[PDB]
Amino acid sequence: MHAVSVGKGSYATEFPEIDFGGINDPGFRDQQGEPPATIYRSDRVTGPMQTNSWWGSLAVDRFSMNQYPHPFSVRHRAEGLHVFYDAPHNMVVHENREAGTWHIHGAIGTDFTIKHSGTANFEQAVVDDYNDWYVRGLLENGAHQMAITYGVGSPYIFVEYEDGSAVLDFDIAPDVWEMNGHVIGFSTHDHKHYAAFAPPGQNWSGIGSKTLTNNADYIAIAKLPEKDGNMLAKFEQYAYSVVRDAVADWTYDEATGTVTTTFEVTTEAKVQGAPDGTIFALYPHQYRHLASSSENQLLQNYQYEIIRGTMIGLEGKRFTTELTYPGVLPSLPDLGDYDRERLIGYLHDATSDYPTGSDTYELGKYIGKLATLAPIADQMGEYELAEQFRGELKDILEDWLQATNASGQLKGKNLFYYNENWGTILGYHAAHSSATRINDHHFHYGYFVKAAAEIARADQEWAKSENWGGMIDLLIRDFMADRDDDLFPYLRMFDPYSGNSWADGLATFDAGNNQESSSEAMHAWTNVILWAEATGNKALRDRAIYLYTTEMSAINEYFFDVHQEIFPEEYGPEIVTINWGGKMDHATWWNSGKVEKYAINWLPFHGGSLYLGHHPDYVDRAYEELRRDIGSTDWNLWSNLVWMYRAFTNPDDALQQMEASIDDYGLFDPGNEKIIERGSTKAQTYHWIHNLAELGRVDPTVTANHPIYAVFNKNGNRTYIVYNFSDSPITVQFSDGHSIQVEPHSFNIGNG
C-alpha cells in the first residue's frame, strides 16, 4: 500500500512520481521534493520531529546556526557553545531608501565560548530533548559530551559534562568583579554582565586571564540584569535547578472570553535542596497580561533589553497570563448601504477569476477567494451563484484530499503526502519551500480549512469525518496537533512562549526563525475555529481560540508596537514586516513596493480580521505613515487592501478612494494587482467597506458567552452580530448586559 484511506479521502505514504506538467524551470522542479534526510537528534528523541521552532537549526545543521534564546544569542560549533548578548552598542537601525527597507538588528559576536576540558573538536550537536519552549542540545565526540539546556525566556544556560569539566574562553580577559569561589560575577571587556555557577567546593581558576576553568561536571551561566551582587545572590538560588519539563497549559472560559495560560517548569536539583523552579524572563506580550496571582513573583528591577523590547524577571515554578478572545465571524453580515445590483455585478465578475498557480499557496488563495464570495452571494439573493462557488470548492477539495487516481495509483499532483522521516503532511505541487523546508503549513493549509469551513456552514454531511472531514482534520493536525499525536509534533507552527508562529520549518538562518504574514497565521486559526464550530469539535475549537488569542497579543507588540514602546524611536515605519528571533525588518521575501510591506500583515480580509481594528490610534498612525511615504492615495499596488484597512477608522475616506478607482480595470487580470490584490475581489472590497461605514468601529470592550460574534460601536450605538452554527436556536449574553436570540444556521441580523 502506497496510500492511507481517511474517510472518503487519502494521503500518500510513498513519495509520488511528480507530474511537472512540462515545466522545465529548475526552481519549480526543486520545490517538488522532501525535507532533509538527516535529522540531528539523539536516540532519546523519537517519534514525529518538532519543526518550525526558534531552535530548529540545531536539528538540521551539523552544529547549529545563530539562535536567540532571549536574553542570549548562542551558536553551537566544534569548539563549544558561543554565547553573546546584544548590548546597545551592538544594536543598529538602518534604512535603505532605494530599496524602501528598514532593518533593526544586532551583531553575530562572541562574548565567550562554553567549552569542554576534554575536546574542542566535537563531531556534531544534536537535539537530545525538548519541551514547549526549552531545548537540550548535545555536543558529542565519543566519550566527551556537553549537554546545554537553554530556552527563550531563560536567563540561564545549564551545562552538563560527560568525561570532562568546564571551560569559559574569552578573546579579551573578562573583569571578574565578584569571586565567591564556586560562583563568579564577571563582565566582558565591553561591560556586559554575566555570572557563572558551579557546585560548592568546585572553585573557579584563571581569574585575570582569558580562560576561566572549573573542575565541576555541572555549571550554569546567567545573564545578569546589572553588575549587582544582590542580583547575583538571587541567581544563585535557582542556578542549580535544571529545567527538564516546561509546559504551557491553557483554558478557555467561554462565558467570559478569558484565555488563561500557565507556564510551568519542572527542574532537577544539581545540589542538595535546590528549589523546584527557575527565574523566567518574560516578554512584553506576557507581562502586560500577567495574572494577579503571579504579580508577587515579579523581580521588579530585573530587566533585559532585547530586539522585542524589555524582558522582566519572575521567580518560581510557574506564572500565568490572561487574555481576552474577541470572537470571530464566518463573514461580515449584510448590513452595508451598498448598491445591491452593483454588488451582484461584482459577484458575477468573480466567475472569471482563476488560480495563478498549481501549488498549495496559489490554489489556496483562489479557494479562500471563492469561500469569501459564497456568503456574500447568499446575502444578495444570488443563491445558485453561492452554490456554484461552494460546488467549485467541493470539486477542488475532493480532488486534493484524495491521493489516488481512478486506477488506485498515486497521483502526480493535487495530493497530500506523509513524510515519515519528520512526520508531516506535504502538499504537491509545493511552493515557498512548503515541502523542502516544511515552511508555511498554517499559511497554505489555512486556506484549505477556509474552503472546508464554508462548505460545512451549508453542508454538515460533507464535513463528517467518514466523508471529507477526516482529511481536513488531518491537515489541521499537521499544523496544530494536540499532545501525543501519533503522526505530528505538538502545535507545529506555534511557539507558546514567544507567543507567535514561526514560518520556517528548518530555522537554518543566523537570525533564528521568522514570520512575515502574521495575518495569514491569524487566518489559519480563525478557519479552524469556524471549522470546529461547524463540525461540533469543542476541543479543536478551543485550541484554535487559544492560538488566535495568543498570536494576537504577539502581533500587537512585535509587528504593530501598538503601545509605542518596542521599536526604536529612530525606526521610521509603523510596522515590522518580518519578525525574526534576532532582528526586525521592514522588507518582504519577494520584490515589492511600499504598500506590500504593510499589507502582507493585513491580508487576507475575512471574518476573523477584526483584531486589526482593536487599536484605532495605531490604525491611524500606520495608515498615515504609509500615505506619507506614498505621498498621496495613489497606492503602488493592492489599493483595495489599503481601502479596507482605512475603513477600520475612516470609512468615509475609504469609500471616496474606492469610488474613484475600484472600476479602473475590468475583469480578473493576474498581471495587474494595482487596484485589486490577486487573493481579493471587487465584491469583497465593496461589501467590506460599506459594512464598516454602517457598523462603525470594532468594539473589543464587549465580550460574549459564545465564540462566533462581533460587536461594533458607531458614536455610542452598538451593533451586535452573532452567527449560529447549531441546528437549534441559541441565546447569547454580552458583557454589557445585552442579550439576543439567534435562529439556527443564521446571523441574528443581516442574513440578506
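Numbering starts at 1 and runs along the sequence shown.
The PDB entry records a higher mean C-alpha B factor for 659-667 than for its counterpart among 659-667 and 328-336. Per-stretch averaging of Cα B factors for 611-619 and 459-467 places 459-467 on top.
Going by the entry's values, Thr351 shows the largest Cα B-factor out of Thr351, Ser639, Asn579, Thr310. Among the modelled residues of the chain, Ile367 sits in the middle third by CA temperature factor in this PDB entry. Per the deposited record, the Cα B-factor of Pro69 falls in the lowest third when ranked against the other modelled residues of its chain.
Ranked by C-alpha B-factor against the other modelled residues of its chain, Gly56 falls in the lowest third. Among all modelled residues in its chain, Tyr383 ranks in the highest third by Cα B-factor.
Among all modelled residues in its chain, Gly273 ranks in the highest third by Cα B-factor.
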